[PDB]
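1. quick one, what's the 3D model for this:
(12 chains)
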Amino acid sequence: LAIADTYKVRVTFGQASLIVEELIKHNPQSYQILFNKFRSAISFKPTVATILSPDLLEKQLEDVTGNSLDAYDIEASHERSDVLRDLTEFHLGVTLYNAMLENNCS
Amino acid sequence: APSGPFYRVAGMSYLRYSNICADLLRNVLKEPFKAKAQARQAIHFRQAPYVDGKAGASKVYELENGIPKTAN
Amino acid sequence: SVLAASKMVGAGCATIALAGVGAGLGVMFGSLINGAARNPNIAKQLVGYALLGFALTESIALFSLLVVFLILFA
Amino acid sequence: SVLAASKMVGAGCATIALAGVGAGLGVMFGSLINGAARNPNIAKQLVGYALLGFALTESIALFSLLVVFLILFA
Amino acid sequence: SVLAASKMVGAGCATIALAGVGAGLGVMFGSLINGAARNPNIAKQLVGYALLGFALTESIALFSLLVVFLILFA
Amino acid sequence: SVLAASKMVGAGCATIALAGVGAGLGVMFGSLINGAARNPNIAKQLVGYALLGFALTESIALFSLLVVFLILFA
Amino acid sequence: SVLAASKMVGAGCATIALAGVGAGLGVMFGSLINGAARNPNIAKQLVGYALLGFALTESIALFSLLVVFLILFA
Amino acid sequence: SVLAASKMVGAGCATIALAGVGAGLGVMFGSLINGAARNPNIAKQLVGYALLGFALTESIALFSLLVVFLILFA
Amino acid sequence: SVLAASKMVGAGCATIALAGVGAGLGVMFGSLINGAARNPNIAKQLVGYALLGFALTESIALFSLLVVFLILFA
Amino acid sequence: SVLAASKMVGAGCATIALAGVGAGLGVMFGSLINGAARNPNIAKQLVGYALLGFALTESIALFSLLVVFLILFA
Amino acid sequence: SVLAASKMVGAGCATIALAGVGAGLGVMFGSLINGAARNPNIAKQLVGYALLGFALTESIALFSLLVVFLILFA
Amino acid sequence: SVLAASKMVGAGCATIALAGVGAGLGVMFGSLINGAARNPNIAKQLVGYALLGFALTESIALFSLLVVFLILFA
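-> Residues are numbered from 1 along each chain as shown, chains lettered A, B, ... in the order given. Below you will find the coordinate block:
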């Protein structure tokens, strides 16, 4: 897949959401985002930012002597695997929106 | 088929649902502020599937009033 | 005439077991309407759980009405 | 005397099984409202679930009242 | 008047079935105050199902008051 | 006069119907508190829905106080 | 003096109606603590609906005590 | 024979245990419907847990009817 | 000595109203534990709501013990 | 033998203890289904709690059938 | 000796109210398990609320048990 | 033997207290399976609150058989 002409007018969150959704057409266990983080006007350190898929792999890495996610009391309408699905897609849409804003001014 | 909330059982993602609720909230501001929030409403990019390493079709996005509310 | 009179008052005091079997069946049929609000795409499979669970909740009510007909008519 | 007196007592204790059917109907019809406030698009489809349970819980509001005539008139 | 003495003690004892229909519409009306506060979109629609729930949970009340207004006067 | 002696037992066992209606109230008045802790923008509109519930649930508390006053002097 | 004996067993069965308001008052005071822990900024407002809920559940607790004193001393 | 008249008024109150057994029985198949709507994948393993708890909650319902027979037929 | 007999039977039924306050006190004292587990920094106010509710739920428990003494020793 | 007839009329009403035991047992098995529906991996551990509580809630049923075998056979 | 026959049946039905205390005290000890499963960092504080509540509802388990010893020995 | 005959109908009335204390045990041992599924790191410390509550709600059950040791054998 090739996304281009992103930075033509401006980069929005709704634009980064549709780029996120097509990464959810494929159904991986993880995502890797490679972008240049704008530390200063000189240094642009390339960042690896990663997002795990919710009940496929995100819940499995949290099973450290039980689970690290059970401290949180889920106030969703449905159960925890559906709130983690909405939360990973919201994590993917902001990590991608920040990626193409950090990289646009880098 | 699916299990989840009312957007998830209709074939709509969370990002498509929660941008729609951000789409409709931008419209009901004051025009001093609605024209400011109009700037972040526009979606302009193009995606292209790349099947062979060389080619594919392409799909341009030009929506200025927000995310596609229609079924994609 | 005590054996014909006590078998009436023992029969009405036997069929009070149709209170809790109605309280339980009203929870389970209300939990069916709640279970469709969670997941409507599975909805007519849980009606297979309710009516199976209704017939097994009625395993009480015909066991208690057994007592009602046995002392009216042992 | 006591036979025709105990049929007025055993008929009173017989129909207090309706307390569970009126409480079972309360937690069910209220669960219709809790189920239709959450998933409101199938709100017409949920009263097709509630009245099915209402007729199948009423059975016990009939089956106790079939005992209340088998106490009075039997 | 042992026949006349018993037709009030069974008449009063039957009215405890109206207790459970009192905790029925109490949890049923409490499910609209929860239901309409969850979404006051259908706050007008949900009163239609509580008042549908009201009259059909009273269906138990005039059936319990069927025999109360029967064994007192028949 | 065992009639006027059974008049006291039948009316006393009648008003156990006031137990269940008062239990339904606190669930209805608890979700009045709970419904307005979760939507305080309609916090006084739900008090209308609660007293709409309170106007109909004491119908049981005046359907049951009639039968108490139908035993005592009637 | 079987009548003066009769009012004691009637009035003790009359004040089993304080059981349901005693369980109704605990749920109503329970959803206050569940309502004040969820939204503590309106916590001292929710007592303004809870005390309206206390006085309207003990409205029935006096209606049972209307009958308790109507049997014992009248 | 008051020896047999106490056998039928005793075995009547012996089966009010089936009120509460049917009350937990609806509550158990109420959470089977609800719990299968949370996790539809494990929903048939929950059927293995529903009938697990059904047999063990009925085990005391088959402890009750033997005592109904240890009154009448013993 | 049959008046002095029913004063100790009518005092027995009179204190089953304490079953309801024992159910209501445990709900509220359970509602503070779930309430103070949400946000325990308002907990010293919620025990001010608990022992306001323990005060008023035990008040009808002492309305019933007042009636227990009025059948026993009055 | 009023005493031998009293070994039936007491032992029948002694076995209303299995009502609340069954109504509790359907809750704790009902929470096994929801407890397995939340966490489907440790469902084989939670049945080591739902059978642990069964043997500890039959502790009271082995105290009630301790009593019905101290009336009928002692 | 009908007065001593009146005290065994009176204090026996007087101690039915331990059932509602036993049902309430298990809700509060159920919220202790559930409330300490949310945040265990106040779990040894929360057992200070459970054992405070255990004392104040077993207050009522001795309030009724006072009457059982007030009947049988006075 | 009319004194000792009432000692068995009163012992059956005392045994109904073991119903509701089994309901409080099924509620509490229900809350263990809900709680230990929520946070299974505390899966055995929540047994430490369950058996602490099971031993302090069988404080009520051992009080109930204390009366059954007091009216049967005294």
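2. in what helix or strand does the residue of chain C found nearest chain I lie?
-> Scanning chain C for proximity to chain I using C-beta to the nearest C-beta identifies residue C:23 as nearest, at 15.5 Å. For every residue, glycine as well, the C-beta is placed using N, CA and C. Assigned by DSSP states H and E, residue C:23 belongs to helix C:17-38.
3. quick one, that helix and helix H:17-38 angle?
-> On the basis of axes from the mean of the first three to the mean of the last three C-alpha atoms, to 10 degrees, helix C:17-38 is oriented at 10 degrees to helix H:17-38.
4. show me the contacts for residue B:34.
-> Contacts for residue B:34 were tallied using C-beta atoms under 8 Å, 6 or more residues apart in numbering or on different chains; they are B:26, B:27.
5. quick one: it from chain L, how far?
-> Note on residue B:34: its distance to chain L, by C-beta to the nearest C-beta, to the nearest Å, is 44 Å.
6. now do residue A:42
-> 47 Å.
7. same thing with residue A:17?
-> Counting by C-beta to the nearest C-beta, the gap from residue A:17 to chain L is 32 Å.
8. what number of residues are in the vicinity of that residue?
-> As a burial measure, residue A:17 scores 25 neighbours (other C-beta atoms under 10 Å in any protein chain shown).
9. so which helix or strand takes in it?
-> helix A:13-25.
10. how much distance is there from that helix to the middle of the chain?
-> 10 Å (C-alpha atoms, centre = their mean, to the nearest Å).
11. please report the number of neighbouring residues for residue 24.
-> No chain in the question, so chain A it is. 18.
12. actually, chain C is the one I wanted.
-> 34.
13. which residue is the nearest non-sequential neighbour of it?
-> residue H:26 (2.3 Å; C-beta to C-beta, 6 or more residues apart in numbering or on different chains).
14. can you pull the contacts of that neighbour?
-> By C-beta under 8 Å, 6+ apart, the contact list for residue H:26 reads C:21, C:23, C:24, C:25, C:26, C:27, C:28, C:53, C:57, D:24, J:26.
15. what of residue A:97?
-> A:11, A:12, A:13, A:16, A:17.
16. now, which of the residues you listed sits nearest chain B?
-> residue A:17 (4.0 Å).
17. so the closest one is in contact with residue B:12, correct?
-> No. In this structure residue A:17 lies outside contact range of residue B:12 using C-beta atoms under 8 Å: 11.8 Å.
18. on the three-state scheme, the residue nearest the centre of chain A is what?
-> Centroid check for chain A by C-alpha atoms, centre = their mean gives residue A:92 as the closest residue, at 2.1 Å. Secondary structure assignment for residue A:92 (DSSP: H, G, I helix; E, B strand; the rest coil): helix.
19. burial count for whatever residue of chain A ends up closest to chain F?
-> Going by C-beta to the nearest C-beta, chain F is nearest to residue A:75 of chain A, at 11.3 Å. The number of residues packed near residue A:75 is 6, by other C-beta under 10 Å.
20. with residue C:8 instead?
-> 30.
21. what's the answer for residue B:72, then?
-> Using other C-beta under 10 Å, residue B:72 has 10 neighbouring residues.
22. which stretches of chain B form strands?
-> Ranges of strands in chain B, per DSSP state E, are B:45-48, B:59-61.
23. out of those, nearest to chain J?
-> Nearest to chain J among the strands of chain B is strand B:45-48; the distance by C-beta to the nearest C-beta comes to 37.3 Å.
24. re earlier: was I right to think the residue nearest to the centre of chain A contacts residue A:30?
-> No. Checked against C-beta under 8 Å, the pair residue A:92 and residue A:30 is beyond contact range at 10.6 Å.
25. common neighbours of the two, please.
-> Joint contacts of residue A:92 and residue A:30 (C-beta under 8 Å, 6+ apart) are residue A:51.
26. still on that earlier bit, give me the distance between the residue nearest to the centre of chain A and chain C.
-> Applying C-beta to the nearest C-beta, the value for residue A:92 to chain C is 25 Å.
27. so what's that residue up against?
-> Neighbouring residues of residue A:92 by C-beta under 8 Å, 6+ apart: A:20, A:23, A:24, A:31, A:51, B:15.
28. could you check the distance from the third one over to chain I?
-> If you measure residue A:24 against chain I using C-beta to the nearest C-beta, the figure is 34 Å.
29. what do you get for the fifth one?
-> Here the distance between residue A:51 and chain I works out to 31 Å (C-beta to the nearest C-beta).
30. just checking, residue C:74 is part of a helix?
-> No. Counting by three-state DSSP, residue C:74 falls outside a helix, being coil.
31. residue A:6 against residue B:43, yeah?
-> No. Look at residue A:6 against residue B:43 with C-beta under 8 Å: they stay out of range, at 10.1 Å.
32. grab the nearest non-local neighbour of the residue of chain A found nearest chain L.
-> In chain A, the residue that lies nearest chain L is residue A:66 (3.9 Å; C-beta to the nearest C-beta). In space, residue A:66 comes closest to residue L:41 once its chain neighbours are excluded; the distance is 3.9 Å by C-beta to C-beta, 6+ apart.
33. how close does the one you found get to residue J:45?
-> Distance of residue L:41 to residue J:45, computed by C-beta to C-beta, to the nearest Å: 12 Å.
34. ok, now residue C:27?
-> 27 Å.
35. same thing with residue B:69?
-> Distance from residue B:69 to residue J:45, counting by C-beta to C-beta: 46 Å.
36. repeat for residue A:15
-> In terms of C-beta to C-beta, residue A:15 sits 47 Å off from residue J:45.
37. what does residue C:56 give?
-> Taking C-beta to C-beta, one finds residue C:56 at 27 Å from residue J:45.
38. so between the two, which is more surrounded?
-> residue C:56 (19 against 16).
39. surely that one meets residue H:21?
-> No. Residue C:56 is beyond contact range of residue H:21, at 11.7 Å (criterion: C-beta under 8 Å).
40. how about chain B: which residue is closest to chain G?
-> Closest to chain G within chain B is residue B:5: 21.6 Å, counting by C-beta to the nearest C-beta.
41. any idea how many residues pack against that residue?
-> By other C-beta under 10 Å, 20 other residues sit near residue B:5.
42. the top helix by length along chain B packs against which elements?
-> Of all segments of type helix in chain B, defined using DSSP state H, the longest is helix B:14-26. Applying 3 or more C-beta pairs under 8 Å, 6 or more residues apart in numbering or on different chains; DSSP states H and E, we find helix B:14-26 packed against helix A:13-25, helix A:80-105.
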